[PDB]
Every structure is written in C-alpha cells, then in structure tokens.
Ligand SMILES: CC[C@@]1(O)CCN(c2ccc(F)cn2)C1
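Here we start with a single chain on its own, the form deposited without the ligand, put down as structure tokens.
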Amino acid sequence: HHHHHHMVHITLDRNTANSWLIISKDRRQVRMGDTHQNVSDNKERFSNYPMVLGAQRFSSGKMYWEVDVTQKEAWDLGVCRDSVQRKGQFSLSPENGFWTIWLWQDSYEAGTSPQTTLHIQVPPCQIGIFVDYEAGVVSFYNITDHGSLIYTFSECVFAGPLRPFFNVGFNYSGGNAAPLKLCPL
C-alpha cells in the first residue's frame, strides 16, 4: 500500500481507559495491570473490557497509523464512533459503531456481525490502519508481511466523529501481558 503519507500521531486518552490499564507517560503504549490502577470512575471509562480510545477525533480526510502487537495472544484494534457504549456487555460490530479486527485463540477475525475469518500466513507483529472518512473505508495491513492487505470494511456508515480504538485483552493465561504500542512515523 501507499497510505504512509497520511500518517497521524495518535495518543491514548487516559480518561477513557478501563481502570486496570497502565498508559505510558508519552501516551503511546498501554498494557493490562495486575490490579485496579487507583483512578476514579467516570462515564467515559470502558467498564467490562480492557479498552481505551485515542484522543484524536476524525470527521474528514484520510488517516493512517501503526500499532505493535508483538507477543500478544489476544487484542482488538480499529476505529469506533465517539458515542459507542462504554458500560456493560456489547459486541464489536458496525451496528454498534465499531470497525475492528482481532486476534483470539490463534485465529484472526474481522468484527462484522457475524464475524469474518481472516487469512493470515505471516502472523503480524505490527498492524497498519487506514481510514478514508469520505469514502467510508477502514483497511488493515500486515506490516510484517510487506504491507499485505488483511481486511477492508467498505460502505461504512460512520454516523459521527471517529476515534482510534484499542483492546489489550485479558491476561487469564499469563501469556498476554505485553503492551499495545503506537509505532513511530
């Protein structure tokens, strides 16, 4: 792909984070803590899952960023509406305002309803995410495999400002402690 020139500098929004997440000083890395991180509750925090939003809001244009997923067993990545549900249980779907892919139990799937199997020969260590607001497109790229396409959501109905979306996943196994990292431009 040739989307690198739309690169944007994403930072994480501490106020949206699940209360167990630990965000680095530079707001570029996030990981699951082994306990509550001693923050107050607020209506923005994701309560049920280890999720956080980017601070940036997008309502036009073309945007590109990259995320490092090295040594993780489970994660979700993509974009979502600014007005997604924060509290309680929900599924990641375009109907609920999410355009995401994930790793879970050694398989990769796109967050359609129902979910779509992805075909990845080279497990990615870094994911590229491309958003074309006007076209209604969210695309995912395998940076480890020379930028090969993973998945394209087209005919997207964003219906609001978009935010970068992250889920570090649970660490029930002891094998999923590694962080998500926003990779330099």
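Heads up: residue numbers just count along the shown sequence, starting at 1.
Note that the form solved in complex with the ligand isn't included here; everything after this is about it.
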Quiz item: Using 4.5 Å between non-hydrogen atoms, is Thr70 touching the ligand in the bound PDB entry?
Solution: yes
Quiz prompt | Heavy atom of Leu182 within 4.5 Å of the ligand in the bound PDB entry | solution = no
Quiz item: Can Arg31 be called a contact residue for the ligand in the bound PDB entry at 4.5 Å between heavy atoms?
Solution: yes
